[PDB]
């Protein structure tokens, strides 16, 4: 018809509920994606060729391949095996895996980014690779890593909107729900985009602010 944002007001509980769900989804995935990611990174550092090969292949394949395809592969692709996994666990799984790959890379690069002189001094003072790692390199790598993790989360908020297509009731899914009762798609989409934007800004502000204290 013509635009009516006031009609949208009454749907606030749906928007807020969608938001909380986007939060819940992204947090859990990213959290799991980190623990997995750390584990994947450790594997890629193994001298044992098979393990490093598997970590590299995992990482490469996951980053080199669309998140959507991974989502559907878990959700639709598993049905024919007598699997009926809920939308939530599908989204969480897919996002956590995707994130695990990107996080693994983040760790490798946070380590590669500490000046190689540090390792040189550590070793020159008689320290083994292990000791140099524990007392010198890893503590600094960590300060490289934390801000890029914080950034991963922000990116994953936007990314998680994709579990809407699987019918999970995130912030994006709301626009379907609402339109079913209003026949209006435009206004709730604008509102949802706006919520995504404000979230992005909020967390971005925090993170950089966090980075400066850190450094």
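Numbering follows the first chain given and starts at 1.
The mean Cα B-factor in the deposited entry runs higher for 40-48 than for the other of 58-66 and 40-48.
Of the two segments, 49-57 and 152-160, the one listed with the higher mean B-factor is 49-57 (C-alpha atoms only). In the PDB entry, residue 83 places in the highest third of its chain by CA B-factor. Sorting the modelled residues of the chain by their CA temperature factor places residue 109 in the lowest third. Ranked within its chain, residue 197 lands in the middle third, by CA B factor from the PDB record. In the PDB entry, a CA B factor belonging to the highest third of its chain's modelled residues is recorded for residue 33. Residue 147 sits in the highest third of its chain by CA B factor, as recorded in the PDB entry.
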